[PDB]
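This report refers to the structure that appears directly beneath it.
Note that each Cβ is placed from the backbone with ideal geometry, even for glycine, and that neighbours are counted across all protein chains shown. Readers should treat all values here as calculations from the given coordinates under stated rules, not as data from a laboratory.
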Amino acid sequence: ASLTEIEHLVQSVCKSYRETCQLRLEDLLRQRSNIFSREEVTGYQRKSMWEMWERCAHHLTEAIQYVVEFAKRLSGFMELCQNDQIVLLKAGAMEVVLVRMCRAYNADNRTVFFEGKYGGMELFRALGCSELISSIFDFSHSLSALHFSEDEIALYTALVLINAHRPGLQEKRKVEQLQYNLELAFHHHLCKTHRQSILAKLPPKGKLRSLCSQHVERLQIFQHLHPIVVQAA
Ligand SMILES: OC(c1ccc(-c2ccc(CN3CCN(Cc4ccncc4)CC3)cc2)c(F)c1)(C(F)(F)F)C(F)(F)F
């Protein structure tokens, strides 16, 4: 692993992120003042859990599609067998969506960009999932305090996906090598940018993991009775 190779991996991972980040940072920021009105919030709260579930399902399905496209552009991911690609994505795609979410989160007023405007967590009341929604807002509140840059999100979410400890992998050594390469790139870039300090402030991978298991359990109990077909890209 030469300096030139490490830096090419850095630049490469950051390019794939730039091409598959669903929402441009500039828009998210300039729309921070565009907040749902009290009447609009009441409108979301009056919807049935079934309508709200299908709006969130569509929103999450779309975001997962971008995370999948992100993975496919990661050096070496496509050279993995189909089984390992699926294992990695099934275990990590929703964790990455939760990480990316902090870009759309405004720590000042505790609102998130959702269907065109910023709203607090009371927007999702109809789902009857206050505790879980609150946990998701707290998680992205923590990441916002770190001031995650776009390249830190790119490199960190690459490491969420490329994890040689996911059970079910058939080529563990090949994933281990990809993982260590990405760890090198991530650590090298933090040094270049003077951001060593965030390693210890990052959440433990078990925090993100537990958050997504509670997520998917409610996810399946919802889709068990209300399926939907979404678009592509
Ligand atoms: O698990 C449940 C659940 C219900 C709703 C959300 C949910 C949906 C949307 C948002 C706002 N988004 C976050 C993702 N961000 C992606 C992104 C960000 C930045 N750049 C590119 C892409 C766009 C903004 C927040 C939360 C959820 F996460 C889980 C429940 F808890 F209710 F049970 C379910 F499904 F069962 F209903």
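I'd like the distance between the alpha-carbon centres of the stretch 141-170 and the stretch 96-118, rounded to an integer number of Å.
17
Write down, largest first, the equivalent ellipsoid semi-axes of the chain in whole Å, where each equals the square root of 5 times an eigenvalue of the alpha-carbon gyration tensor.
Each semi-axis is the square root of five times an eigenvalue, giving 31, 21, 15 Å.
With θ set to phi - 60° and the Karplus curve 6.51 cos²θ - 1.76 cosθ + 1.60, what are the ³J(HN,Hα) couplings of the stretch 48-54 in order, to the nearest whole Hz, using x for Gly and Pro?
In residue order, the calculated couplings are 5, 3, 5, 5, 4, 4, 7 Hz.
List, in order, the whole-Hz ³J(HN,Hα) value for each residue of the stretch 192-201 obtained from phi through the Karplus relation with A = 6.51, B = -1.76, C = 1.60 and θ = phi - 60°; use x for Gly and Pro.
These are the phi-based 3J(HN,Hα) values: 3, 9, 6, 10, 2, 5, 7, 3, 6, 8 Hz.
Pull up the cross-link candidates among the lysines for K47, meaning alpha carbon to alpha carbon under 21 Å and not fewer than 8 places away within one chain.
Partners within reach: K117.
How large is ³J(HN,Hα), in whole Hz, for each residue of the stretch 5-14 in order, when computed from phi with the Karplus curve 6.51 cos²θ - 1.76 cosθ + 1.60 and θ = phi - 60°, using x for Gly and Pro?
Residue by residue, the stretch 5-14 yields 5, 4, 5, 4, 5, 3, 4, 5, 4, 6 Hz.
Please compute the contact order of the chain in relative form: average sequence separation of alpha-carbon pairs under 8 Å and at least six residues apart, divided by the residue count, as a percent.
With pairs under 8 Å counted, the relative contact order is 29 percent.
Enumerate the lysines that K72 could reach by cross-link, defined here as Cα to Cα under 19 Å, with residues fewer than 8 away along the same chain left out.
Reachable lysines: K15, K90, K172, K174.
If you take every residue apart from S48 with its C-beta less than 12 Å away from the C-beta of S48, what net charge results, scoring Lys and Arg +1 and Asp and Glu -1?
+2
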